[PDB]
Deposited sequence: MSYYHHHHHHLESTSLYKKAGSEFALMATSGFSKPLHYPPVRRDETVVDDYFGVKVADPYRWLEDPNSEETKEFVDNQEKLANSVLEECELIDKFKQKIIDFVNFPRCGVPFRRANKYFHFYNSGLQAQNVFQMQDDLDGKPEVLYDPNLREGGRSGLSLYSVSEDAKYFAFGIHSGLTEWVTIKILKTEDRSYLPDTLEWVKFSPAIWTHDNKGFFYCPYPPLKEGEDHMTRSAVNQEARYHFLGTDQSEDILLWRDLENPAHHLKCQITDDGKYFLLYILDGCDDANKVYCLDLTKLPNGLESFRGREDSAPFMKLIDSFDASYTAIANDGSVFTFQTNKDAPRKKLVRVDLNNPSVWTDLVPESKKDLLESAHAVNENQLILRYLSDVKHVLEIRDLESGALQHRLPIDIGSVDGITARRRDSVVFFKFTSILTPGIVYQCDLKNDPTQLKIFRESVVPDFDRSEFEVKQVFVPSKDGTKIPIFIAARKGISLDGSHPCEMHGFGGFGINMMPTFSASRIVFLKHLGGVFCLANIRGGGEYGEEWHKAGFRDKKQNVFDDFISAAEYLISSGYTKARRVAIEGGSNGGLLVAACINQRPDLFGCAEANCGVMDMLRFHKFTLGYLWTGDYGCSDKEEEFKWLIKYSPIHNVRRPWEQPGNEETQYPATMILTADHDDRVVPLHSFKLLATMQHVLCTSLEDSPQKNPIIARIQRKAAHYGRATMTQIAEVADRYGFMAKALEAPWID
């Protein structure tokens, strides 16, 4: 282990990325990592198996503009998905030709299908090309992050929500410099409010949603585009339908001024409501809140219908309903997995979506609502080469947390294995921000299952949004600790039930999921054989200061206030490193072999989090003693600055895991 300087007046200095001492600190930990990974002889064998299982063709869900359909395609191992078009159900843009692949993050086709606006990481910048001949327009727009490009129905330009060179809502006309873009909204009073936006399917209304923090609540402003004196060239006169942060609202459809909205107002599991803009105080349930299932999303389709995607004990259910009445017309349950990517719009009569699952790589279903609304027909099916899925099975069980609450978890494993404790086990989780963790497809997970005899578990802990807003709130702010408790209880069940045994269990997560993993190792290190935390939040007292971690106080709180500081100090990972051997009746326990993963250019979760936690752990556990009991290594894998890049990382983590758990190859 290398030398790390503890500033007693300890690792505040790592918060500066560019000093020598930090950049040499990196190199030493890079240097140490590779030395460790060199000992994990199964890295290469995993790496090749991942590549062989990922090598299958994948189609994105298609969408229609005018007479044309568009979709992403990948032949198997291309760096980045390629965007294609066709005349019925051709390359349009191939990012593998730029830098040998960054992918497209923005992609947006005009209503007439003439123009394709898209965005690349120039090191997000939006460009536009003509679909007829693939020639570029000159228009270049910078300072975009996650805003889409929303085309007006005149095909003359589009809305987008850039930051300054204080988020703004702007309109760009085709064939102008970005400096001529109309400013539609900003708020210097509330620099932290951020924006999402949308245009109604009929083209009459531009909708602007304002949000405060990552909380699921938003304002709703409506600009009627048909009542502008000289269109958007004026400058705006928003109708402020909702001007507070009390509930969430998302527009699903409108008939003239009569709008249908999804909301969580007085409805933690969500519902569809109806309001007339011309009479704004009268809201009426259209599809009431289910007291059982989360209404996750809704989409108007085939002129007069609706498709509701419900989440019901962490499985999807799709309902077809009448738009005007709200009446149930059909209900299609979905096997364990996830459907999503429903991009069909109100004047589309064929609906497409994607189904993936732990043992199912990707199916694009097509429901023609005109002709055969009953059955899902397969449009595309991906097949994992050399893999027979009927030797495996996934099942769901519910497990009691500390406080009594049920925690649903999925368990993927080989069929008919004896529950004898002898199987290596990987547990994933996230638990935060109302994010739903679905059991989707991962090729590396298959390698683990087949070539390591592994058992995999996905834990739907609190903090997520799986049982609605109550599930969320029961795992945020003062209640964050429950999330960690849920996860620990999940491992305990895997042990007691006899899938695996303490120290034969690995855990992995990213971002908040990184927090999750860091928190749990401190509190219960005797449980785990291996921990892997991908760019987590590890400094809970200071996270808010950097880049855009300020929009997570909604879910975490903040040290600034005292009541909150006291939740935080209790689980903040760097401030909770302790020698588990220095505790009574706990002496053969050490920390699991740990791998902290992070980039150099992640300006979401800044890497200081990861670095400071590494510094601390190596100190308290290893180098702070002369003959530390901590034998298990504590390293970082740092990604200097794409399919193959992403495969390398995972191959490493899995090789490390296999070493850590003494899992042999099969």
Take the full deposited sequence, match it to the modelled residues, and report the stretches without C-alphas.
1-37, 47-58, 139-142, 155, 178-181, 224-236, 307-312, 719-724, 750
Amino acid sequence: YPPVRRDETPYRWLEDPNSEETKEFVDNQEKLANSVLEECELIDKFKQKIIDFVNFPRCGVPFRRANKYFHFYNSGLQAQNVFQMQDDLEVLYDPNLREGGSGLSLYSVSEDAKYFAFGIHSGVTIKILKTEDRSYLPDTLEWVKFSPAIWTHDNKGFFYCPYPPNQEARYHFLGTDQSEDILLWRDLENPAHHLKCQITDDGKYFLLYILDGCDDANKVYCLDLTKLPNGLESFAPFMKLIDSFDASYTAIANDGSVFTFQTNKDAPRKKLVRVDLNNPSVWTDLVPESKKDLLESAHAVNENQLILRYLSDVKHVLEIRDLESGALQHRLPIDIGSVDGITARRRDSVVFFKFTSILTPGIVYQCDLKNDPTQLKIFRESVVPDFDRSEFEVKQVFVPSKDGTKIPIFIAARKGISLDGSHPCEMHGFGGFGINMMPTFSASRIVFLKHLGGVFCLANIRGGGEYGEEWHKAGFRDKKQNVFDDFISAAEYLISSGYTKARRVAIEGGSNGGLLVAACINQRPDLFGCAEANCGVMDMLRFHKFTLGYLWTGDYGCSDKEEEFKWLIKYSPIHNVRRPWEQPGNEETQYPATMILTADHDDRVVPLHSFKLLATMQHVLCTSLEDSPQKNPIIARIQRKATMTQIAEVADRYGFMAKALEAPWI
From here on, numbers count along this sequence of modelled residues.
Higher mean Cα B-factor in the deposited model: 199-207 or 575-583?
575-583
Averaging CA B factors per stretch from the PDB record, which one is higher: 599-607 or 52-60?
599-607
Quick one: which of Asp94, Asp560, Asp276, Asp133 has the biggest Cα B-factor according to the entry?
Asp560
Sort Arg380, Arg504, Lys292, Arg462 by C-alpha B-factor from the entry and give me just the highest.
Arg504
When the deposited Cα B-factors of this chain's modelled residues are ordered and cut into thirds, is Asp266 in the lowest, the middle or the highest one?
middle
Where the record places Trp151 (Cα B-factor, split into thirds across the chain):
lowest
If you rank every modelled residue in this chain by C-alpha B factor, which third holds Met657: lowest, middle or highest?
middle
Would you please rank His428 by its C-alpha temperature factor against the other modelled residues of its chain and give the third it falls in: lowest, middle or highest?
lowest
Tertile call for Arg170 (CA temperature factor, within chain, third-based) is the lowest
